[PDB]
Structure formats: structure tokens, C-alpha cells
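Heads up, the chain below is alone and in the form solved without its partner chain; it's given as C-alpha cells.
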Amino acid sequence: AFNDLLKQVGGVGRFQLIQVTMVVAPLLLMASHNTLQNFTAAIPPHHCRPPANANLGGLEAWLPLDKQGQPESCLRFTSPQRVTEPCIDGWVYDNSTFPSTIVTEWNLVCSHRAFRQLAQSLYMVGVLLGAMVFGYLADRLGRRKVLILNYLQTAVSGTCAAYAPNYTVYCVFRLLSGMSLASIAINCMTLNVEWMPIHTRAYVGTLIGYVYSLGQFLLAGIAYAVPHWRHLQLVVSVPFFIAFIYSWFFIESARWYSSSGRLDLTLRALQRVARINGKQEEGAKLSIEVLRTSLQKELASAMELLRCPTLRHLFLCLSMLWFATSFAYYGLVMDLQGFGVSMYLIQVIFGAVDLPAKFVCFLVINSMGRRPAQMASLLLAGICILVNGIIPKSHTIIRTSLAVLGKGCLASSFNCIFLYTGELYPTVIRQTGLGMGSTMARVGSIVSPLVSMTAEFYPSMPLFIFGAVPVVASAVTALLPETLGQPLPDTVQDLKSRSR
């Protein structure tokens, strides 16, 4: 087995530490890139600019007032103070907090407000495309080469977005940045796991969860330090140039070399790692014949998820769970400005709640089971979001606390569904099923900004939709079997025997 060779060349040695750390470091900026528009697309207060030929009755004589006494954002009087007209001459933006965003840069307000959400969706479209395209590319070219390309693409596209001369160019490059960043996240965990012993593989996924949580803190600090969107976009993008330079020194996974029919490449990688780990004597004992015997034994389709009636029910129910969790998650975390508290503080608190959420999810999963944990986390998240849509916006502390609880619950939902999905699918299709679940989540993050556009017509409709979907999904979990205390199924036959 390949695990025996890995233990022979050092187990979790110096090479594993160095390479895993270097590969995992860009996931710190992953959260910044995923939710950057909260700061780069922040919406400052705005109103119509008065006619140029007019002399400032003053500005108040030109602006109709809303029900709360504030000037209207999208209408001005045709004559100084009652015929209203849109902002023909543009808008005046309050620059006290956010001096420059893509909203102020390209006037993404009023009838053009939806372009802000379209840009977010196009980013998530790139994330979806990058998962599929670079998932195939990593298999043909290897994890190391694709990571090298992804770092360069992320650095170049993110920098180009910072220097975009118009909205269209910004969207194109944001989409390209999402393409490579999705591959970075996917191939970071594939490359690191393939170089780690099987009994340490769960720690790799756990460490990645801690890194993403730390990235939310990092975005808060960077955005607060760098308010200007062009500078902010640039500053989270150029670190990937550094990763691109040192990624050349990555060692491709010996397991991928063997699966590609290159044992001499497998041998060279293993001996290099043995040299780094101080196990040169063990590495010098390796040979193509030794590798051939060990990997002889080790060396279904996604359509079977729909062709098999037994696998179809699980796939459909899990797809709803994966979709809803992501759909509600990005519905909530991309609406930071809507809580009335400073977005930097909320971003900090949102990152902090991930840690107790995992601990509480860990406690519930092992005690009650995966199904009640998945049910409760989705149900409570939905209720929290739904109640947030009812409470008036003036109650900032209550609404923010509910949002934090809802965000923590959805983080627990993410933690449970990944573990639940693997124990639900048989070993023949488990990797395909986990990939299809992650795909459904990526679809949810595409749809979520689109639903957010409905706030233009009904201000509270997005929150109701973001809350209703997980509540419905919480009922879907009731159709799933409980996996706590069960052996992992191997074939679809095991699935039917378990049900019987």
C-alpha cells in the first residue's frame, strides 16, 4: 500500500509540515476574495446631484424626503422648493467611511443597483467553473503544476480587477480570479492529503477549516486598513505572486505519479521526501519493483447518482442540503452593511463564531447523531434569518446577535454535511458524491446574490427566502438515515441492506 511507503519515508515529517503549511497559506486570503464585495462594493449614502446651472434654498430644497426624514437616494425636484426626476446629473456619495467603492466608481445605485449583485454572482460563476475545469486539469497535469498556474492566474486577474477601467472588465477578471481560487482551495486539500498518512487525513481538513476562519479576521483588518477598493482589491491579490514563486518548489504527490503510470516519477518524489525527512536509508531501499508490488492492488460514474434509484434519493436530498447551507450562508455574509453595526466589527464577530460553532457541532454530532445535528443547525439558522427579517432595523444589537447565531449555525451545517455526506454514500461513489455536494453548494452561492436583487422591489424578500430555504432543507434531513455508530457502506448493496 502507498501508506506503508509514506510511513517508510517519514510519515508526518519535516517535508509534510513545510509543504502543507506553504500550500495552505493562501486559504487565508480565500475568505477575503470570496466576500471582498462587502468592502470593495460597499454602499455609502447617496442622493441626486443638483443641476449644474443651479446655485446652491440649498441642497435640501432640491431633495425630496423619505418616510424617515432622510433625503431620497434616487430622486430630486425639477425646481427648487414638486415634480421629481431621477439623478440625471449623477450622485453625491458620502465619503466619510467608504471613500471609493465600485458602487461609487460606476454608479451602481438606483436602477443600476443590481449590477453590484451581478458582479458577485459572476465571481461565484467563476468559482463553479474553476472547480470543474481545473478538477479535470489537475488529473492530467498534476496537482503541483495546476497550483502553480492557479497562483499566477489569481495574482494576475485580481490585480487586473483592481485596475479595471469599467464594470465589464472588473467582472471578467473577478470571474477569472474565482476560477483559479476555487482550484487553489480544491487542490490544496488534494495535494496535502495525498502526502499525508491516512490516519492524519482528518487533521488536514480540520486545519483548513481553521485557516478559512482565520481568513475572515484577516479581511477585517485589511479592509479597515485599506478602505479604497482598488487598493484593497490589489492588496489581497498580489500575495499570490509570492505563492506563485515558491510553488515551483512544491513536490508533486507520488500517489498521482503512480496513478498516471509513472513509477520512476513516483520513486523520485518518494526519495526526495525521504531525503528531506531524514530517512534517506529507507528511501535508498525503494525501487520500481518495490513500488510495483505495493501499489499493484490499489491501482462508479456520476450518472449512477441518478440511474440508481437507491443512490438517487440520497443524491437529491443531499443536493438540497448542500445547496441550502451555501445559499443561506452567502445570503447572510454578503449583507454585512444591513445590520447597522460597523462591518469591520461584524466581520470580526462572524469569524469568531466559527470556533464555538465547530465545537458545539462536534459535541452534538457524536452524542445525538449526524441527522439531528444537521436538522437543528439548518432549522435554527433558518429561524434566525427569518426572525431577522421581521425585527425592525432599529434593533441593531438583537438583529446582529441573531445574524451571528445564524452564521454560526450555518457553519455547523457546513461541518456536519461534509462528514454526513461521506458516511452516507458507498465507497464506490463517495468521492463523486462529495464532489457533487460541493458543486451544489457552489450553485447556491451563485443563486444567492440573484435572490438578493429582489430587495429592489421587496426590501425584506431576500431575508425571507434566505431563511425559508434552510427550514425546508431541515425537513429534508428527516428522510436521511442516521450514520452515527454505523460502519461505512462499501457498495450500493450495503445501502439496501442498511435500509432493510
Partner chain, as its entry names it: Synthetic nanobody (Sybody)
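What we label the rigid core is the largest C-alpha set whose atoms superpose within 1.5 Å from one form to the other. Numbering follows the first chain given and starts at 1.
Where the other entries of this protein model the residues before and after it, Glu298 is dropped from at least a third of them. Where the other entries of this protein model the residues before and after it, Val83 is dropped from at least a third of them. Unmodelled residues of the deposited sequence between neighbouring positions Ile390 and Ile391 number none; the chain is continuous. A chain break between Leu56 and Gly57 is present, corresponding to 1 to 3 residues of the deposited sequence without coordinates.
Here the subject shifts to the form deposited with its partner chain bound, a form of this protein not shown in this document.
The stretch from 284-292, 69-77, 372-380, 310-318 that comes within 4.5 Å of its partner chain in the deposited bound form, counting heavy atoms only, is 69-77. In the deposited bound form, its partner chain sits within 4.5 Å of a heavy atom of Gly57. Although the partner is absent here, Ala475 is not a contact residue: none of its heavy atoms lies within 4.5 angstroms of its partner chain in the deposited bound form. Taking the partner from elsewhere, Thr84 is found to have a heavy atom lying within 4.5 Å of its partner chain in the deposited bound form. Although the partner is absent from this view, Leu450 stays clear of its partner chain in the deposited bound form, with no non-hydrogen atom inside 4.5 angstroms. After superposition on the rigid core, the single residue among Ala25, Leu488, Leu479, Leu17 whose C-alpha moves by 2 Å or more between the shown form and the other one is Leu479.
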